[PDB]
2 protein chains.
Amino acid sequence: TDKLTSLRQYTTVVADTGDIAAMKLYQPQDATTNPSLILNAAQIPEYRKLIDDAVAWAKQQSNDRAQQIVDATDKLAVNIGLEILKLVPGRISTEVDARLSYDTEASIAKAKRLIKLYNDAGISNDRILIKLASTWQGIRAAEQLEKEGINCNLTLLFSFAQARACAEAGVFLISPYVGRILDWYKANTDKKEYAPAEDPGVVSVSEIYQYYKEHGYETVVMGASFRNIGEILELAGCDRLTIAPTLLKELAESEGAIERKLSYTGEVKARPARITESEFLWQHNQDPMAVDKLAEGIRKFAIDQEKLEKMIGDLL
Amino acid sequence: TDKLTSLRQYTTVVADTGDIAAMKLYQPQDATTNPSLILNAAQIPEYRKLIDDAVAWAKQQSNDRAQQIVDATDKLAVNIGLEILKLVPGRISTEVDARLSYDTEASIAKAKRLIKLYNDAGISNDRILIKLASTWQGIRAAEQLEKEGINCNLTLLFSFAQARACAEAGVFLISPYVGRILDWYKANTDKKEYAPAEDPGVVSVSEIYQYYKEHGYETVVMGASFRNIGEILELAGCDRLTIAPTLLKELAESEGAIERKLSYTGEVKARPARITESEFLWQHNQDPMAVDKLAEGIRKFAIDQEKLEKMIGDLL
């Protein structure tokens with residue numbers, strides 16, 4: 001009779017954390033990590049063994065400091081994923097170095113590298129999503145990766161242009177953001193408080209969901225980034241939702257059955273011509289929130305990557 | 001002496017307006033327009049004849065409403081430039097439709113169309129700068145246009161990535177912004193008052209100027225967008241400065257000689273490899289001010305274009 005159980009009737013619940021304790025507690029279907037969560041998880045004293053294993057593995061691959069830093073940081077992200085895969089039945093999402101976000105070729109190469117590490121550790125591609133920021137270059141990377149049997153999670157998705165381009169690329173899953181949209185609207189408009197159905201992040205995911213189902217797209221819609229439980233409840237029915245442990249706790253502690261809020265009913269429509277790069281860039285840049293937040297999210301994940309490299313470099 | 005006269009010892013002063021009254025009063029070397037200035041100038045009652053000519057001309061070109069709207073708006077922008085060219089000895093800058101800012105081929109086509117209108121009116125390319133927003137697509141357009149003998153003014157220039165890419169493309173002139181940079185820093189930091197030398201717009205143009213001269217680039221540096229005369233005076237020595245009539249008046253009314261503040265002295269250096277598109281996108285998006293203000297400036301000019309089209313449409 002708790003809201004977490006009630007939500008699971010309608011939506012596949014995913015845990016947004018690198019902490020295996022959350023996997024044991026909430027028993028989610030999938031888990032998501034990102035570079036900030038990898039850096040946070042690396043602070044868990046109990047994860048020191050995973051760091052040491054990554055460093056030891058890196059030193060067996062080469063005798064070069066620069067490559068050891070890359071190898072150990074990549075292997076740490078994979079090692080955390082491997083621990084999570086022992087505790088969930090579904091996917092792990094592991095994000096590529098955000099510094100590659102505007103480089104399609106380098107992103108494809110990094111995705112293949114991470115897939116190789118997982119495969120060599122005995123994990124098949126059907127358990128992995130490689131996460132890429134949904135810039136044009138990331139979307140193009142993902143389209144190629146899918147053609148080669150690597151499933152992707154297209155993240156930092158803010159504008160309708162991003163949503164459309166991801167669907168047209170046939171990516172496995174999108175992670176459209178909710179809470180960071182609320183943040184932007186509180187900072188940049190005169191409306192400082194929002195009821196759940198008014199929340200602009202909730203509106204964004206709801207509109208994306210409608211567009212996807214109305215055109216028969218099979219890309220999984222997974223809402224991500226949450227500030228409060230109200231946002232999550234308003235999206236009950238979303239294919240998946242990835243939720244941080246603090247809000248999983250709030251759902252589990254809240255009594256009362258909930259209703260499905262997000263559904264599609266209608267006549268499925270023909271698809272348009274694919275959006276071109278120029279049209280995509282025009283339309284993405286019409287959305288000042290998305291302009292700001294996509295670029296910002298990439299910068300922040302890049303800073304976390306640099307912090308991971310410093311941590312690793314100090315151990316070599 | 002007065003500060004305008006003194007400034008002119010060091011810098012070519014350009015008038016930032018579509019109003020011929022300013023050209024008569026200040027006798028500038030060049031003039032700049034943009035879509036906002038064209039909309040404002042089109043609304044001057046004494047300019048109605050220029051609108052009527054543009055509409056009359058458009059109706060000679062086709063019997064199609066949609067094409068007449070485009071033809072009349074383009075011809076109006078050129079007609080205003082033609083009036084200004086009677087009153088200045090140097091260049092007119094005329095900006096392409098900002099809705100084309102992420103479309104290289106459409107931007108090249110529009111630039112060539114505007115050049116044809118000027119040429120057919122008896123004006124040679126050596127009197128014209130076609131103005132383009134300095135997105136990657138605009139810079140690529142300009143690189144091609146320059147090779148075909150069309151000189152360009154690369155505008156809405158905020159990041160170092162934009163500055164470098166413009167120099168490497170061999171564009172005739174850049175218009176790096178000053179005042180809009182100050183605006184962003186006031187809005188996004190706790191510092192709202194700056195000494196002239198610490199004004200972040202002044203710092204931007206000064207750094208761009210240094211980079212250009214240090215590497216022997218011949219692209220003209222023309223500071224643009226001003227909030228106060230202190231900004232202008234701190235850039236005395238910039239190749240050109242384009243200044244609104246309100247600030248030209250303030251300079252003319254301010255007594256006293258000023259010193260040259262912006263100069264290059266040093267050993268000219270070898271150039272790097274050209275910045276790639278991916279490196280450019282990464283580096284531009286490292287600059288949150290530039291991310292916001294480039295996209296914003298394009299949106300605003302596109303709205304002005306739409307308002308112009310509404311004005312013209314009502315007259316067909």
# chains A, B, ... in the order shown; residues from 1 in each chain; ligands from 1
call {"tool": "closest_atom_pairs", "arguments": {"of": "chain A", "to": "chain B", "cutoff": "12 Å", "atoms": "only C-alpha atoms", "output": "JSON lines"}}
result
{"residue": "A:98", "atom": "CA", "partner": "B:282", "partner_atom": "CA", "distance": 10.0}
{"residue": "A:99", "atom": "CA", "partner": "B:282", "partner_atom": "CA", "distance": 7.5}
{"residue": "A:100", "atom": "CA", "partner": "B:282", "partner_atom": "CA", "distance": 8.2}
{"residue": "A:101", "atom": "CA", "partner": "B:282", "partner_atom": "CA", "distance": 7.7}
{"residue": "A:102", "atom": "CA", "partner": "B:278", "partner_atom": "CA", "distance": 5.3}
{"residue": "A:103", "atom": "CA", "partner": "B:278", "partner_atom": "CA", "distance": 5.3}
{"residue": "A:104", "atom": "CA", "partner": "B:278", "partner_atom": "CA", "distance": 8.5}
{"residue": "A:105", "atom": "CA", "partner": "B:278", "partner_atom": "CA", "distance": 9.9}
{"residue": "A:106", "atom": "CA", "partner": "B:278", "partner_atom": "CA", "distance": 10.0}
{"residue": "A:107", "atom": "CA", "partner": "B:278", "partner_atom": "CA", "distance": 11.3}
{"residue": "A:135", "atom": "CA", "partner": "B:281", "partner_atom": "CA", "distance": 10.3}
{"residue": "A:136", "atom": "CA", "partner": "B:281", "partner_atom": "CA", "distance": 10.9}
{"residue": "A:137", "atom": "CA", "partner": "B:278", "partner_atom": "CA", "distance": 8.8}
{"residue": "A:138", "atom": "CA", "partner": "B:278", "partner_atom": "CA", "distance": 11.5}
{"residue": "A:187", "atom": "CA", "partner": "B:188", "partner_atom": "CA", "distance": 10.5}
{"residue": "A:188", "atom": "CA", "partner": "B:187", "partner_atom": "CA", "distance": 10.3}
{"residue": "A:276", "atom": "CA", "partner": "B:103", "partner_atom": "CA", "distance": 10.0}
{"residue": "A:277", "atom": "CA", "partner": "B:102", "partner_atom": "CA", "distance": 8.5}
{"residue": "A:278", "atom": "CA", "partner": "B:102", "partner_atom": "CA", "distance": 5.3}
{"residue": "A:279", "atom": "CA", "partner": "B:102", "partner_atom": "CA", "distance": 7.7}
{"residue": "A:280", "atom": "CA", "partner": "B:102", "partner_atom": "CA", "distance": 8.9}
{"residue": "A:281", "atom": "CA", "partner": "B:102", "partner_atom": "CA", "distance": 6.2}
{"residue": "A:282", "atom": "CA", "partner": "B:102", "partner_atom": "CA", "distance": 6.1}
{"residue": "A:283", "atom": "CA", "partner": "B:102", "partner_atom": "CA", "distance": 9.8}
{"residue": "A:284", "atom": "CA", "partner": "B:295", "partner_atom": "CA", "distance": 9.5}
{"residue": "A:285", "atom": "CA", "partner": "B:295", "partner_atom": "CA", "distance": 5.7}
{"residue": "A:286", "atom": "CA", "partner": "B:299", "partner_atom": "CA", "distance": 6.6}
{"residue": "A:287", "atom": "CA", "partner": "B:295", "partner_atom": "CA", "distance": 8.9}
{"residue": "A:288", "atom": "CA", "partner": "B:292", "partner_atom": "CA", "distance": 7.3}
{"residue": "A:289", "atom": "CA", "partner": "B:292", "partner_atom": "CA", "distance": 9.3}
{"residue": "A:290", "atom": "CA", "partner": "B:292", "partner_atom": "CA", "distance": 10.1}
{"residue": "A:291", "atom": "CA", "partner": "B:292", "partner_atom": "CA", "distance": 6.9}
{"residue": "A:292", "atom": "CA", "partner": "B:292", "partner_atom": "CA", "distance": 6.4}
{"residue": "A:293", "atom": "CA", "partner": "B:288", "partner_atom": "CA", "distance": 9.7}
{"residue": "A:294", "atom": "CA", "partner": "B:285", "partner_atom": "CA", "distance": 9.3}
{"residue": "A:295", "atom": "CA", "partner": "B:285", "partner_atom": "CA", "distance": 5.8}
{"residue": "A:296", "atom": "CA", "partner": "B:288", "partner_atom": "CA", "distance": 7.4}
{"residue": "A:297", "atom": "CA", "partner": "B:285", "partner_atom": "CA", "distance": 10.5}
{"residue": "A:298", "atom": "CA", "partner": "B:285", "partner_atom": "CA", "distance": 8.7}
{"residue": "A:299", "atom": "CA", "partner": "B:286", "partner_atom": "CA", "distance": 6.6}
{"residue": "A:300", "atom": "CA", "partner": "B:286", "partner_atom": "CA", "distance": 10.1}
{"residue": "A:301", "atom": "CA", "partner": "B:286", "partner_atom": "CA", "distance": 12.0}
{"residue": "A:302", "atom": "CA", "partner": "B:286", "partner_atom": "CA", "distance": 10.1}
{"residue": "A:303", "atom": "CA", "partner": "B:286", "partner_atom": "CA", "distance": 10.9}
call {"tool": "select_by_dssp", "arguments": {"residues": "stretch 186-254 of chain A", "states": "strand (DSSP E)", "output": "count of residues only"}}
result
8
call {"tool": "select_by_dssp", "arguments": {"residues": "stretch 4-245 of chain A", "states": "helix (DSSP H, G or I)", "output": "PyMOL selection string"}}
result
chain A and resi 4-7+20-26+35-41+45-61+65-85+98-100+104-120+125-127+136-147+160-168+179-188+196-198+200-214+229-234+245
call {"tool": "residues_around", "arguments": {"residues": "stretch 38-48 of chain B", "least_positions_apart": "2", "cutoff": "6 Å", "atoms": "only C-alpha atoms", "output": "list in words"}}
result
residues 18, 35, 36, 50, 51 and 308 of chain B
call {"tool": "closest_residue", "arguments": {"among": "B:229, B:258, B:268, B:77", "to": "residue B:214", "atoms": "only C-alpha atoms"}}
result
B:268
call {"tool": "closest_residue", "arguments": {"among": "A:270, A:123, A:248, A:316", "to": "residue A:81", "atoms": "only C-alpha atoms"}}
result
A:123
call {"tool": "residues_around", "arguments": {"residues": "residue B:222", "least_positions_apart": "6", "cutoff": "6 Å", "atoms": "only C-alpha atoms", "output": "list in words"}}
result
residues 174, 175, 240 and 241 of chain B
call {"tool": "residues_around", "arguments": {"residues": "stretch 53-59 of chain A", "least_positions_apart": "6", "cutoff": "12 Å", "atoms": "only C-alpha atoms", "output": "list in words"}}
result
residues 42, 47, 65, 66, 67, 68, 69, 70, 71, 72, 73, 74, 75, 76, 77, 78, 79, 80, 117, 309, 311, 312, 313, 314, 315 and 316 of chain A
call {"tool": "residues_around", "arguments": {"residues": "residue A:142", "least_positions_apart": "2", "cutoff": "10 Å", "atoms": "only C-alpha atoms", "output": "ChimeraX atom specification"}}
result
/A:104,107-108,111,130-134,136-140,144-148,150-154,166,169-172
call {"tool": "closest_residue", "arguments": {"among": "A:246, A:210, A:265, A:32", "to": "residue A:224", "atoms": "only C-alpha atoms"}}
result
A:32
call {"tool": "atom_distance", "arguments": {"atom1": "atom CA of residue A:14", "atom2": "atom CA of residue A:266"}}
result
27.8 Å
call {"tool": "decode", "arguments": {"residues": "stretch 125-142 of chain A", "atoms": "N, CA and C atoms", "output": "tab-separated table (two decimals), in the first residue's frame"}}
result
chain	number	residue	atom	x	y	z
A	125	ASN	N	25.64	-7.47	-24.61
A	125	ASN	CA	25.12	-6.15	-24.94
A	125	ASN	C	23.67	-5.94	-24.52
A	126	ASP	N	22.90	-7.02	-24.36
A	126	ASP	CA	21.50	-6.90	-23.95
A	126	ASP	C	21.30	-6.46	-22.50
A	127	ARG	N	22.39	-6.33	-21.74
A	127	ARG	CA	22.33	-5.83	-20.36
A	127	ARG	C	22.88	-4.41	-20.22
A	128	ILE	N	23.34	-3.79	-21.31
A	128	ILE	CA	24.08	-2.52	-21.23
A	128	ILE	C	23.39	-1.45	-22.06
A	129	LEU	N	23.30	-0.24	-21.51
A	129	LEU	CA	23.03	0.96	-22.31
A	129	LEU	C	24.23	1.88	-22.21
A	130	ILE	N	24.79	2.27	-23.35
A	130	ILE	CA	25.83	3.29	-23.35
A	130	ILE	C	25.15	4.64	-23.41
A	131	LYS	N	25.48	5.50	-22.46
A	131	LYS	CA	24.82	6.79	-22.32
A	131	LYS	C	25.66	7.89	-22.98
A	132	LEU	N	24.99	8.70	-23.79
A	132	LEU	CA	25.60	9.79	-24.58
A	132	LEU	C	24.72	11.02	-24.42
A	133	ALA	N	25.34	12.20	-24.28
A	133	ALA	CA	24.58	13.44	-24.30
A	133	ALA	C	23.92	13.61	-25.66
A	134	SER	N	22.67	14.07	-25.65
A	134	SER	CA	21.92	14.16	-26.91
A	134	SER	C	22.15	15.48	-27.67
A	135	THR	N	23.42	15.75	-27.93
A	135	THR	CA	23.79	16.71	-28.95
A	135	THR	C	23.56	16.05	-30.31
A	136	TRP	N	23.59	16.82	-31.40
A	136	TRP	CA	23.50	16.22	-32.73
A	136	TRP	C	24.56	15.13	-32.89
A	137	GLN	N	25.78	15.41	-32.44
A	137	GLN	CA	26.87	14.45	-32.58
A	137	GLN	C	26.64	13.18	-31.79
A	138	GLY	N	26.07	13.31	-30.59
A	138	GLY	CA	25.72	12.14	-29.80
A	138	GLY	C	24.62	11.31	-30.42
A	139	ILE	N	23.63	11.97	-30.98
A	139	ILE	CA	22.52	11.29	-31.63
A	139	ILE	C	23.03	10.52	-32.85
A	140	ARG	N	23.90	11.14	-33.63
A	140	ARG	CA	24.50	10.46	-34.77
A	140	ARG	C	25.37	9.28	-34.35
A	141	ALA	N	26.12	9.43	-33.27
A	141	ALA	CA	26.90	8.33	-32.72
A	141	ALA	C	25.99	7.17	-32.35
A	142	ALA	N	24.91	7.48	-31.63
A	142	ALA	CA	23.96	6.47	-31.20
A	142	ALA	C	23.33	5.75	-32.38
